[PDB]
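Structure file query36.cif (mmCIF, N, CA and C atoms and all ligand atoms) is printed below.
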data_run
loop_
_atom_site.label_atom_id
_atom_site.label_comp_id
_atom_site.auth_asym_id
_atom_site.auth_seq_id
_atom_site.Cartn_x
_atom_site.Cartn_y
_atom_site.Cartn_z
N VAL A 1 -11.56 10.23 5.92
CA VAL A 1 -10.21 9.71 5.73
C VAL A 1 -9.25 10.88 5.57
N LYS A 2 -9.74 11.98 4.99
CA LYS A 2 -8.92 13.16 4.77
C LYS A 2 -9.03 14.28 5.87
N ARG A 3 -7.88 14.86 6.23
CA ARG A 3 -7.70 15.81 7.33
C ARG A 3 -7.68 15.09 8.67
N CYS A 4 -6.87 14.04 8.75
CA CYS A 4 -6.64 13.29 9.99
C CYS A 4 -5.52 12.28 9.79
N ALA B 1 1.62 -1.41 -14.17
CA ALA B 1 1.42 -0.22 -13.36
C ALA B 1 0.37 0.67 -14.02
N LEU B 2 0.22 1.90 -13.51
CA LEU B 2 -0.83 2.78 -14.00
C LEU B 2 -0.48 4.25 -13.94
N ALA B 3 0.75 4.63 -13.57
CA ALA B 3 1.08 6.05 -13.52
C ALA B 3 0.82 6.70 -14.87
N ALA B 4 1.07 5.97 -15.96
CA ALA B 4 0.72 6.46 -17.28
C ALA B 4 -0.79 6.56 -17.45
N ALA B 5 -1.48 5.41 -17.35
CA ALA B 5 -2.90 5.35 -17.67
C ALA B 5 -3.73 6.43 -16.94
N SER B 6 -3.34 6.79 -15.72
CA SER B 6 -4.23 7.57 -14.86
C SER B 6 -4.52 8.95 -15.44
N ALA B 7 -3.49 9.65 -15.95
CA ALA B 7 -3.72 10.99 -16.47
C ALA B 7 -4.73 10.96 -17.62
N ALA B 8 -4.76 9.87 -18.37
CA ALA B 8 -5.71 9.77 -19.46
C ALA B 8 -7.10 9.32 -18.99
N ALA B 9 -7.21 8.80 -17.77
CA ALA B 9 -8.49 8.28 -17.30
C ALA B 9 -9.27 9.25 -16.43
N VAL B 10 -8.62 10.05 -15.60
CA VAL B 10 -9.32 10.88 -14.62
C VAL B 10 -8.84 12.32 -14.72
N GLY B 11 -9.67 13.23 -14.22
CA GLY B 11 -9.34 14.64 -14.21
C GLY B 11 -9.98 15.34 -13.04
N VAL B 12 -9.47 16.53 -12.74
CA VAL B 12 -9.90 17.32 -11.59
C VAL B 12 -10.74 18.48 -12.09
N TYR B 13 -11.97 18.58 -11.59
CA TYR B 13 -12.89 19.66 -11.92
C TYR B 13 -13.74 19.97 -10.69
N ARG B 14 -14.65 20.93 -10.83
CA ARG B 14 -15.51 21.30 -9.71
C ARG B 14 -16.54 20.20 -9.45
N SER B 15 -16.86 19.97 -8.17
CA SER B 15 -17.74 18.88 -7.74
C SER B 15 -18.94 19.40 -6.96
N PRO B 16 -20.17 18.98 -7.28
CA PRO B 16 -21.32 19.40 -6.48
C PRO B 16 -21.33 18.80 -5.10
N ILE B 17 -20.40 17.91 -4.80
CA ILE B 17 -20.33 17.38 -3.45
C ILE B 17 -19.64 18.37 -2.54
N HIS B 18 -18.40 18.72 -2.89
CA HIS B 18 -17.63 19.74 -2.20
C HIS B 18 -16.38 20.06 -3.02
N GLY B 19 -16.09 21.36 -3.21
CA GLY B 19 -14.75 21.76 -3.66
C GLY B 19 -14.42 21.29 -5.06
N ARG B 20 -13.23 20.75 -5.22
CA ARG B 20 -12.91 20.03 -6.44
C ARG B 20 -13.03 18.54 -6.17
N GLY B 21 -13.29 17.79 -7.24
CA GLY B 21 -13.35 16.35 -7.16
C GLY B 21 -12.61 15.76 -8.34
N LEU B 22 -12.47 14.44 -8.30
CA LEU B 22 -11.86 13.65 -9.36
C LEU B 22 -12.95 13.06 -10.23
N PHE B 23 -12.89 13.31 -11.51
CA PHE B 23 -13.93 12.81 -12.38
C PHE B 23 -13.32 11.89 -13.41
N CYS B 24 -14.19 11.13 -14.02
CA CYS B 24 -13.83 10.12 -14.99
C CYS B 24 -13.78 10.73 -16.38
N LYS B 25 -12.67 10.53 -17.10
CA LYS B 25 -12.50 11.03 -18.46
C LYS B 25 -12.86 9.99 -19.52
N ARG B 26 -12.73 8.71 -19.19
CA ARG B 26 -13.08 7.61 -20.08
C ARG B 26 -13.70 6.52 -19.23
N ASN B 27 -14.48 5.65 -19.84
CA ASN B 27 -15.10 4.58 -19.07
C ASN B 27 -14.03 3.73 -18.39
N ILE B 28 -14.28 3.39 -17.12
CA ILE B 28 -13.38 2.57 -16.30
C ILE B 28 -14.09 1.29 -15.90
N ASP B 29 -13.45 0.15 -16.18
CA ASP B 29 -14.07 -1.14 -15.90
C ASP B 29 -14.07 -1.46 -14.41
N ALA B 30 -15.15 -2.07 -13.95
CA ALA B 30 -15.17 -2.62 -12.60
C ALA B 30 -13.98 -3.56 -12.44
N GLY B 31 -13.24 -3.40 -11.34
CA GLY B 31 -11.99 -4.09 -11.11
C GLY B 31 -10.75 -3.28 -11.46
N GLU B 32 -10.87 -2.30 -12.35
CA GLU B 32 -9.70 -1.60 -12.85
C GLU B 32 -9.05 -0.77 -11.75
N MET B 33 -7.72 -0.77 -11.73
CA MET B 33 -7.00 0.21 -10.92
C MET B 33 -7.21 1.58 -11.53
N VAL B 34 -7.78 2.51 -10.78
CA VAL B 34 -8.02 3.83 -11.34
C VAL B 34 -6.81 4.74 -11.14
N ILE B 35 -6.28 4.81 -9.92
CA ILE B 35 -5.21 5.75 -9.59
C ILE B 35 -4.60 5.38 -8.24
N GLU B 36 -3.41 5.91 -7.97
CA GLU B 36 -2.77 5.79 -6.68
C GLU B 36 -3.01 7.04 -5.83
N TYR B 37 -3.00 6.85 -4.51
CA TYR B 37 -3.05 7.97 -3.59
C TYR B 37 -1.61 8.32 -3.24
N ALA B 38 -0.97 9.06 -4.15
CA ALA B 38 0.43 9.45 -4.01
C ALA B 38 0.69 10.25 -2.74
N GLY B 39 1.79 9.95 -2.08
CA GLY B 39 2.20 10.73 -0.92
C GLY B 39 3.28 9.99 -0.16
N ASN B 40 3.50 10.45 1.08
CA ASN B 40 4.49 9.88 1.98
C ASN B 40 3.80 9.27 3.18
N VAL B 41 4.18 8.04 3.52
CA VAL B 41 3.69 7.40 4.73
C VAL B 41 4.34 8.05 5.94
N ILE B 42 3.54 8.72 6.76
CA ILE B 42 4.02 9.30 8.01
C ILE B 42 3.29 8.62 9.16
N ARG B 43 3.89 8.70 10.34
CA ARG B 43 3.27 8.07 11.49
C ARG B 43 2.10 8.93 11.96
N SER B 44 0.97 8.29 12.27
CA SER B 44 -0.24 9.07 12.53
C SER B 44 -0.14 9.94 13.78
N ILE B 45 0.91 9.77 14.59
CA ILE B 45 1.13 10.67 15.71
C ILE B 45 1.55 12.05 15.22
N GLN B 46 2.05 12.16 13.99
CA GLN B 46 2.48 13.44 13.44
C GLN B 46 1.44 14.14 12.58
N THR B 47 0.23 13.60 12.42
CA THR B 47 -0.72 14.32 11.59
C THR B 47 -1.14 15.61 12.26
N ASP B 48 -1.30 15.58 13.59
CA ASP B 48 -1.73 16.78 14.32
C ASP B 48 -0.80 17.94 14.06
N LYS B 49 0.51 17.72 14.26
CA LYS B 49 1.47 18.81 14.13
C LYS B 49 1.63 19.26 12.68
N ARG B 50 1.74 18.31 11.75
CA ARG B 50 1.90 18.69 10.35
C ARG B 50 0.73 19.54 9.90
N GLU B 51 -0.48 19.15 10.30
CA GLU B 51 -1.66 19.90 9.92
C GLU B 51 -1.62 21.31 10.51
N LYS B 52 -1.15 21.45 11.75
CA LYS B 52 -0.91 22.79 12.29
C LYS B 52 -0.02 23.57 11.34
N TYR B 53 1.11 22.96 10.94
CA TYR B 53 2.05 23.67 10.09
C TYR B 53 1.36 24.14 8.81
N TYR B 54 0.70 23.22 8.09
CA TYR B 54 0.07 23.55 6.82
C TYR B 54 -1.00 24.63 6.99
N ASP B 55 -1.87 24.49 8.00
CA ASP B 55 -2.90 25.50 8.22
C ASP B 55 -2.29 26.87 8.45
N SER B 56 -1.14 26.94 9.12
CA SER B 56 -0.55 28.24 9.42
C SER B 56 0.02 28.89 8.16
N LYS B 57 0.42 28.08 7.19
CA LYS B 57 1.00 28.56 5.94
C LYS B 57 -0.03 28.66 4.82
N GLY B 58 -1.32 28.45 5.11
CA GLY B 58 -2.31 28.50 4.07
C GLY B 58 -2.14 27.47 2.98
N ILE B 59 -1.49 26.34 3.27
CA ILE B 59 -1.45 25.21 2.36
C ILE B 59 -2.68 24.35 2.67
N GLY B 60 -3.37 23.88 1.64
CA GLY B 60 -4.43 22.90 1.87
C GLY B 60 -3.83 21.55 2.26
N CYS B 61 -4.36 20.96 3.33
CA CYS B 61 -3.82 19.70 3.83
C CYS B 61 -4.61 18.54 3.24
N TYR B 62 -3.89 17.54 2.71
CA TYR B 62 -4.50 16.32 2.20
C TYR B 62 -3.82 15.11 2.82
N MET B 63 -4.59 14.26 3.50
CA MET B 63 -4.08 13.10 4.21
C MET B 63 -5.05 11.93 4.06
N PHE B 64 -4.51 10.72 3.97
CA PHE B 64 -5.32 9.52 3.82
C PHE B 64 -4.94 8.53 4.92
N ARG B 65 -5.94 8.08 5.68
CA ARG B 65 -5.70 7.24 6.85
C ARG B 65 -5.48 5.80 6.41
N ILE B 66 -4.25 5.31 6.53
CA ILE B 66 -4.02 3.89 6.27
C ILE B 66 -4.62 3.06 7.39
N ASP B 67 -4.25 3.37 8.63
CA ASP B 67 -4.81 2.74 9.82
C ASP B 67 -4.50 3.63 11.03
N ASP B 68 -4.58 3.06 12.22
CA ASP B 68 -4.44 3.82 13.46
C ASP B 68 -3.00 4.19 13.78
N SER B 69 -2.06 4.10 12.84
CA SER B 69 -0.67 4.42 13.16
C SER B 69 0.11 4.97 11.97
N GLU B 70 -0.49 4.91 10.77
CA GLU B 70 0.13 5.47 9.57
C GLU B 70 -0.93 6.14 8.69
N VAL B 71 -0.59 7.31 8.17
CA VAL B 71 -1.43 7.98 7.20
C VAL B 71 -0.56 8.36 6.00
N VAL B 72 -1.19 8.57 4.85
CA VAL B 72 -0.48 9.06 3.67
C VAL B 72 -0.73 10.55 3.57
N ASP B 73 0.34 11.32 3.69
CA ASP B 73 0.30 12.77 3.56
C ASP B 73 0.51 13.13 2.09
N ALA B 74 -0.51 13.73 1.48
CA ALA B 74 -0.48 14.09 0.07
C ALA B 74 -0.43 15.61 -0.15
N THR B 75 -0.22 16.39 0.92
CA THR B 75 -0.11 17.84 0.84
C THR B 75 0.98 18.28 -0.13
N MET B 76 2.19 17.75 0.04
CA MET B 76 3.33 18.22 -0.74
C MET B 76 3.67 17.32 -1.93
N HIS B 77 3.46 16.00 -1.83
CA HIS B 77 3.81 15.06 -2.90
C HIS B 77 2.64 14.17 -3.28
N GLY B 78 1.45 14.73 -3.39
CA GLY B 78 0.31 13.99 -3.84
C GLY B 78 0.13 14.05 -5.35
N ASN B 79 -1.06 13.64 -5.77
CA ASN B 79 -1.45 13.69 -7.16
C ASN B 79 -2.95 13.89 -7.18
N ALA B 80 -3.57 13.63 -8.34
CA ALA B 80 -4.98 13.98 -8.49
C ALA B 80 -5.85 13.18 -7.53
N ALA B 81 -5.36 12.06 -7.01
CA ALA B 81 -6.23 11.28 -6.13
C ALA B 81 -6.55 11.99 -4.82
N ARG B 82 -5.91 13.10 -4.51
CA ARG B 82 -6.25 13.69 -3.24
C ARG B 82 -7.54 14.48 -3.31
N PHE B 83 -8.10 14.64 -4.50
CA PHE B 83 -9.34 15.37 -4.66
C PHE B 83 -10.56 14.45 -4.66
N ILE B 84 -10.38 13.15 -4.46
CA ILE B 84 -11.50 12.22 -4.45
C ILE B 84 -12.37 12.49 -3.23
N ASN B 85 -13.64 12.85 -3.46
CA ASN B 85 -14.55 13.16 -2.37
C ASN B 85 -15.20 11.90 -1.82
N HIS B 86 -15.84 12.04 -0.67
CA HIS B 86 -16.48 10.94 0.03
C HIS B 86 -17.95 10.77 -0.37
N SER B 87 -18.40 9.51 -0.34
CA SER B 87 -19.80 9.17 -0.52
C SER B 87 -20.06 7.86 0.21
N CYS B 88 -21.24 7.74 0.82
CA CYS B 88 -21.65 6.50 1.47
C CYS B 88 -22.28 5.49 0.52
N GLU B 89 -22.55 5.87 -0.74
CA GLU B 89 -22.83 4.92 -1.81
C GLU B 89 -21.79 5.17 -2.89
N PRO B 90 -20.53 4.78 -2.65
CA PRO B 90 -19.43 5.16 -3.53
C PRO B 90 -19.36 4.26 -4.76
N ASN B 91 -18.37 4.54 -5.59
CA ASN B 91 -18.06 3.65 -6.70
C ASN B 91 -16.57 3.32 -6.73
N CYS B 92 -15.86 3.55 -5.63
CA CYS B 92 -14.46 3.16 -5.53
C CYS B 92 -14.16 2.68 -4.13
N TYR B 93 -12.98 2.10 -3.96
CA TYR B 93 -12.51 1.77 -2.63
C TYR B 93 -10.99 1.80 -2.63
N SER B 94 -10.42 2.11 -1.47
CA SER B 94 -8.99 2.04 -1.28
C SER B 94 -8.58 0.62 -0.95
N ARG B 95 -7.39 0.24 -1.39
CA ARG B 95 -6.72 -0.95 -0.90
C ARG B 95 -5.24 -0.64 -0.72
N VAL B 96 -4.67 -1.05 0.40
CA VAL B 96 -3.23 -0.97 0.61
C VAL B 96 -2.56 -2.14 -0.11
N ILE B 97 -1.68 -1.85 -1.06
CA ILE B 97 -0.99 -2.93 -1.76
C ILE B 97 0.51 -2.79 -1.56
N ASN B 98 1.22 -3.85 -1.93
CA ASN B 98 2.63 -4.07 -1.63
C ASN B 98 3.34 -4.39 -2.93
N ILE B 99 4.22 -3.51 -3.39
CA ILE B 99 4.94 -3.73 -4.65
C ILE B 99 6.42 -3.74 -4.32
N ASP B 100 7.04 -4.91 -4.41
CA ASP B 100 8.46 -5.07 -4.17
C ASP B 100 8.87 -4.59 -2.76
N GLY B 101 7.91 -4.43 -1.85
CA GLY B 101 8.21 -4.15 -0.46
C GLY B 101 7.66 -2.84 0.05
N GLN B 102 7.07 -2.02 -0.81
CA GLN B 102 6.57 -0.71 -0.44
C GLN B 102 5.04 -0.76 -0.41
N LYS B 103 4.46 -0.17 0.64
CA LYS B 103 3.03 0.10 0.72
C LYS B 103 2.62 1.05 -0.40
N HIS B 104 1.37 0.95 -0.83
CA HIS B 104 0.78 1.88 -1.79
C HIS B 104 -0.72 1.89 -1.56
N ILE B 105 -1.32 3.08 -1.51
CA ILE B 105 -2.78 3.19 -1.49
C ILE B 105 -3.25 3.31 -2.93
N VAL B 106 -3.99 2.31 -3.40
CA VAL B 106 -4.51 2.30 -4.76
C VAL B 106 -6.03 2.30 -4.74
N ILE B 107 -6.62 3.13 -5.59
CA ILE B 107 -8.07 3.28 -5.71
C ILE B 107 -8.56 2.36 -6.82
N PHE B 108 -9.50 1.47 -6.48
CA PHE B 108 -10.12 0.56 -7.44
C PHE B 108 -11.57 0.95 -7.69
N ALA B 109 -12.07 0.61 -8.87
CA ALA B 109 -13.47 0.87 -9.21
C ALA B 109 -14.36 -0.30 -8.76
N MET B 110 -15.44 0.03 -8.03
CA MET B 110 -16.40 -0.96 -7.55
C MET B 110 -17.31 -1.46 -8.67
N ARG B 111 -17.90 -0.53 -9.40
CA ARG B 111 -18.69 -0.81 -10.58
C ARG B 111 -17.94 -0.25 -11.76
N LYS B 112 -18.48 -0.45 -12.95
CA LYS B 112 -17.99 0.34 -14.07
C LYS B 112 -18.39 1.80 -13.87
N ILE B 113 -17.47 2.71 -14.20
CA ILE B 113 -17.69 4.15 -14.11
C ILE B 113 -17.78 4.69 -15.52
N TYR B 114 -18.62 5.70 -15.72
CA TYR B 114 -18.82 6.31 -17.03
C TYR B 114 -18.30 7.74 -17.10
N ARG B 115 -17.80 8.10 -18.28
CA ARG B 115 -17.45 9.48 -18.62
C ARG B 115 -18.28 10.50 -17.87
N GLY B 116 -17.61 11.39 -17.14
CA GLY B 116 -18.25 12.52 -16.50
C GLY B 116 -18.71 12.26 -15.10
N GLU B 117 -18.59 11.03 -14.64
CA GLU B 117 -19.03 10.63 -13.32
C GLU B 117 -17.94 10.97 -12.32
N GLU B 118 -18.31 11.62 -11.22
CA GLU B 118 -17.35 11.85 -10.14
C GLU B 118 -16.97 10.53 -9.51
N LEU B 119 -15.69 10.40 -9.17
CA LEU B 119 -15.21 9.23 -8.45
C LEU B 119 -15.28 9.53 -6.96
N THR B 120 -15.85 8.61 -6.18
CA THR B 120 -15.95 8.77 -4.74
C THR B 120 -15.52 7.48 -4.04
N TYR B 121 -15.37 7.55 -2.72
CA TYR B 121 -15.30 6.34 -1.90
C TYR B 121 -15.59 6.69 -0.46
N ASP B 122 -15.80 5.64 0.34
CA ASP B 122 -16.20 5.80 1.74
C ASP B 122 -14.97 6.03 2.60
N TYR B 123 -15.04 7.06 3.46
CA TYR B 123 -13.91 7.48 4.28
C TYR B 123 -13.75 6.63 5.54
N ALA B 124 -14.85 6.32 6.22
CA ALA B 124 -14.76 5.67 7.53
C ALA B 124 -15.94 4.74 7.82
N1 LIG C 201 -18.77 13.64 0.60
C1 LIG C 201 -18.43 14.78 1.20
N2 LIG C 201 -19.38 15.60 1.80
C2 LIG C 201 -18.97 16.78 2.41
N3 LIG C 201 -17.62 17.14 2.42
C3 LIG C 201 -16.70 16.34 1.83
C4 LIG C 201 -17.10 15.15 1.23
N4 LIG C 201 -16.02 14.55 0.71
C5 LIG C 201 -14.94 15.31 0.97
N5 LIG C 201 -15.34 16.42 1.67
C6 LIG C 201 -14.43 17.48 2.15
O1 LIG C 201 -13.18 17.30 1.50
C7 LIG C 201 -12.20 16.80 2.40
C8 LIG C 201 -11.51 15.63 1.71
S1 LIG C 201 -10.34 16.22 0.45
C9 LIG C 201 -11.49 16.09 -0.94
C10 LIG C 201 -11.20 17.20 -1.92
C11 LIG C 201 -11.83 18.57 -1.64
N6 LIG C 201 -13.19 18.59 -2.16
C12 LIG C 201 -10.98 19.69 -2.22
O2 LIG C 201 -11.42 20.54 -2.99
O3 LIG C 201 -9.79 19.81 -1.94
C13 LIG C 201 -12.91 16.48 3.70
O4 LIG C 201 -12.14 16.83 4.84
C14 LIG C 201 -14.14 17.34 3.62
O5 LIG C 201 -13.74 18.63 3.99
ZN ZN C 202 -23.35 9.48 2.10
#

What do you get writing this file as structure tokens?
Ligand SMILES: Nc1ncnc2c1ncn2[C@@H]1O[C@H](CSCC[C@H](N)C(=O)O)[C@@H](O)[C@H]1O
Ligand SMILES: [Zn+2]
Amino acid sequence: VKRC
Amino acid sequence: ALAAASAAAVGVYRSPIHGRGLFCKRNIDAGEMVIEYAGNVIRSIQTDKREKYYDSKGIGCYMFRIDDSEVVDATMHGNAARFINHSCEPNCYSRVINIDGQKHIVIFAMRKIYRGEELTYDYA
């Protein structure tokens, strides 16, 4: 979920 | 609401999963709102470029995928929820909620959580  | 309660419930420390993580400071009941994923809703077409910008400036990038067209960017205006690490047997989940017309990503507890337990949830 994180870095996108 | 919970902006008050959260600072007393969770904290940021080192995590054996990766990096820093969000841990539990007091027992949290199953069902309880633990914290919000503070940030700004940006259109997911801009995550690529913003991430370029942050990487070039040595800022750590934190983003939460709402869906295929909006993400919450927590790089500049986040809070402790951006340190929540991933697990495939988690004890939290995200839900998009609506308060007086505004989206909000709120983290809920799946089971009861105990003092010292890292808070996690499933990313994808
Ligand atoms: N369960 C997991 N296993 C391996 N890496 C993880 C992970 N959960 C989160 N990460 C890493 O952390 C990022 C989410 S941000 C989570 C906070 C991070 N540990 C920090 O110190 O800032 C992911 O892109 C991945 O790089
Ligand atoms: Zn897993």

Got a sec to check which residues lie within 6.5 Å of ligand LIG 201 (chain C), using all atoms listed in the file, and send them as a CSV table (one decimal) with N, CA and C atoms, in the coordinates of the input?
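New file pocket_36.csv:
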chain,number,residue,atom,x,y,z
A,2,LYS,N,-9.7,12.0,5.0
A,2,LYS,CA,-8.9,13.2,4.8
A,2,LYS,C,-9.0,14.3,5.9
A,3,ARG,N,-7.9,14.9,6.2
A,3,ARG,CA,-7.7,15.8,7.3
A,3,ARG,C,-7.7,15.1,8.7
B,17,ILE,N,-20.4,17.9,-4.8
B,17,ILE,CA,-20.3,17.4,-3.4
B,17,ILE,C,-19.6,18.4,-2.5
B,18,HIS,N,-18.4,18.7,-2.9
B,18,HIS,CA,-17.6,19.7,-2.2
B,18,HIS,C,-16.4,20.1,-3.0
B,19,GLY,N,-16.1,21.4,-3.2
B,19,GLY,CA,-14.8,21.8,-3.7
B,19,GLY,C,-14.4,21.3,-5.1
B,20,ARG,N,-13.2,20.8,-5.2
B,20,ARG,CA,-12.9,20.0,-6.4
B,20,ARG,C,-13.0,18.5,-6.2
B,21,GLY,N,-13.3,17.8,-7.2
B,21,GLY,CA,-13.4,16.4,-7.2
B,21,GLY,C,-12.6,15.8,-8.3
B,62,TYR,N,-3.9,17.5,2.7
B,62,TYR,CA,-4.5,16.3,2.2
B,62,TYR,C,-3.8,15.1,2.8
B,82,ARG,N,-5.9,13.1,-4.5
B,82,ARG,CA,-6.2,13.7,-3.2
B,82,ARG,C,-7.5,14.5,-3.3
B,83,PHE,N,-8.1,14.6,-4.5
B,83,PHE,CA,-9.3,15.4,-4.7
B,83,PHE,C,-10.6,14.4,-4.7
B,84,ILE,N,-10.4,13.2,-4.5
B,84,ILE,CA,-11.5,12.2,-4.4
B,84,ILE,C,-12.4,12.5,-3.2
B,85,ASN,N,-13.6,12.8,-3.5
B,85,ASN,CA,-14.6,13.2,-2.4
B,85,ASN,C,-15.2,11.9,-1.8
B,86,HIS,N,-15.8,12.0,-0.7
B,86,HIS,CA,-16.5,10.9,0.0
B,86,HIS,C,-18.0,10.8,-0.4
B,87,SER,N,-18.4,9.5,-0.3
B,87,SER,CA,-19.8,9.2,-0.5
B,87,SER,C,-20.1,7.9,0.2
B,88,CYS,N,-21.2,7.7,0.8
B,88,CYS,CA,-21.6,6.5,1.5
B,88,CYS,C,-22.3,5.5,0.5

Item to complete: If you run DSSP over the backbone, which residues in segment 9-119 of chain B end up strand (DSSP E or B)? Put them as a ChimeraX atom specification.
Response: /B:10-14,20-24,28,33-36,40-43,63-65,70-73,85-86,92-99,102-109,113,118-119

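If you look at atom CA of residue 3 of chain B and atom CA of residue 109 of chain B, they are 16.0 Å away from each other.
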
query: Got a sec: who's within 8 Å of residue 1 of chain A, counting only N, CA and C atoms, leaving out chain neighbours fewer than 3 positions off, as a ChimeraX atom specification?
result: /A:4 /B:62-66,86,122-124

Please provide the set of residues having any atom within 5 Å of segment 7-9 of chain B, restricted to all atoms listed in the file, with same-chain residues fewer than 3 positions apart removed, written as an NGL selection string.
:B and (4 or 24-26)

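Using only N, CA and C atoms and all ligand atoms, the nearest neighbour of ligand ZN 202 (chain C) within the list B:118, B:89, B:100, B:51 is B:89.
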
Atoms added to segment 6-20 of chain B (N, CA, C and O atoms), reported as a JSON list (two decimals), in the frame of the given file:
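Wrote out-v6.json, looks like this:
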[["chain", "number", "residue", "atom", "x", "y", "z"],
["B", 6, "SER", "N", -3.34, 6.79, -15.72],
["B", 6, "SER", "CA", -4.23, 7.57, -14.86],
["B", 6, "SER", "C", -4.52, 8.95, -15.44],
["B", 6, "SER", "O", -5.68, 9.41, -15.42],
["B", 7, "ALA", "N", -3.49, 9.65, -15.95],
["B", 7, "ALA", "CA", -3.72, 10.99, -16.47],
["B", 7, "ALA", "C", -4.73, 10.96, -17.62],
["B", 7, "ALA", "O", -5.50, 11.91, -17.79],
["B", 8, "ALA", "N", -4.76, 9.87, -18.37],
["B", 8, "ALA", "CA", -5.71, 9.77, -19.46],
["B", 8, "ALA", "C", -7.10, 9.32, -18.99],
["B", 8, "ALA", "O", -8.07, 9.47, -19.75],
["B", 9, "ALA", "N", -7.21, 8.80, -17.77],
["B", 9, "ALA", "CA", -8.49, 8.28, -17.30],
["B", 9, "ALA", "C", -9.27, 9.25, -16.43],
["B", 9, "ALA", "O", -10.51, 9.26, -16.51],
["B", 10, "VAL", "N", -8.62, 10.05, -15.60],
["B", 10, "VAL", "CA", -9.32, 10.88, -14.62],
["B", 10, "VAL", "C", -8.84, 12.32, -14.72],
["B", 10, "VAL", "O", -7.76, 12.63, -15.25],
["B", 11, "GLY", "N", -9.67, 13.23, -14.22],
["B", 11, "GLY", "CA", -9.34, 14.64, -14.21],
["B", 11, "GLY", "C", -9.98, 15.34, -13.04],
["B", 11, "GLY", "O", -10.92, 14.83, -12.42],
["B", 12, "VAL", "N", -9.47, 16.53, -12.74],
["B", 12, "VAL", "CA", -9.90, 17.32, -11.59],
["B", 12, "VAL", "C", -10.74, 18.48, -12.09],
["B", 12, "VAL", "O", -10.28, 19.27, -12.92],
["B", 13, "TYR", "N", -11.97, 18.58, -11.59],
["B", 13, "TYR", "CA", -12.89, 19.66, -11.92],
["B", 13, "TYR", "C", -13.74, 19.97, -10.69],
["B", 13, "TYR", "O", -13.60, 19.35, -9.64],
["B", 14, "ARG", "N", -14.65, 20.93, -10.83],
["B", 14, "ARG", "CA", -15.51, 21.30, -9.71],
["B", 14, "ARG", "C", -16.54, 20.20, -9.45],
["B", 14, "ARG", "O", -17.05, 19.58, -10.38],
["B", 15, "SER", "N", -16.86, 19.97, -8.17],
["B", 15, "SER", "CA", -17.74, 18.88, -7.74],
["B", 15, "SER", "C", -18.94, 19.40, -6.96],
["B", 15, "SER", "O", -18.76, 20.18, -6.01],
["B", 16, "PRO", "N", -20.17, 18.98, -7.28],
["B", 16, "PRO", "CA", -21.32, 19.40, -6.48],
["B", 16, "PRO", "C", -21.33, 18.80, -5.10],
["B", 16, "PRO", "O", -22.25, 19.10, -4.32],
["B", 17, "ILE", "N", -20.40, 17.91, -4.80],
["B", 17, "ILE", "CA", -20.33, 17.38, -3.45],
["B", 17, "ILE", "C", -19.64, 18.37, -2.54],
["B", 17, "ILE", "O", -20.21, 18.85, -1.55],
["B", 18, "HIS", "N", -18.40, 18.72, -2.89],
["B", 18, "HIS", "CA", -17.63, 19.74, -2.20],
["B", 18, "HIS", "C", -16.38, 20.06, -3.02],
["B", 18, "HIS", "O", -15.71, 19.15, -3.50],
["B", 19, "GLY", "N", -16.09, 21.36, -3.21],
["B", 19, "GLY", "CA", -14.75, 21.76, -3.66],
["B", 19, "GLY", "C", -14.42, 21.29, -5.06],
["B", 19, "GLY", "O", -15.21, 21.42, -6.00],
["B", 20, "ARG", "N", -13.23, 20.75, -5.22],
["B", 20, "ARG", "CA", -12.91, 20.03, -6.44],
["B", 20, "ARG", "C", -13.03, 18.54, -6.17],
["B", 20, "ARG", "O", -12.93, 18.07, -5.03]]
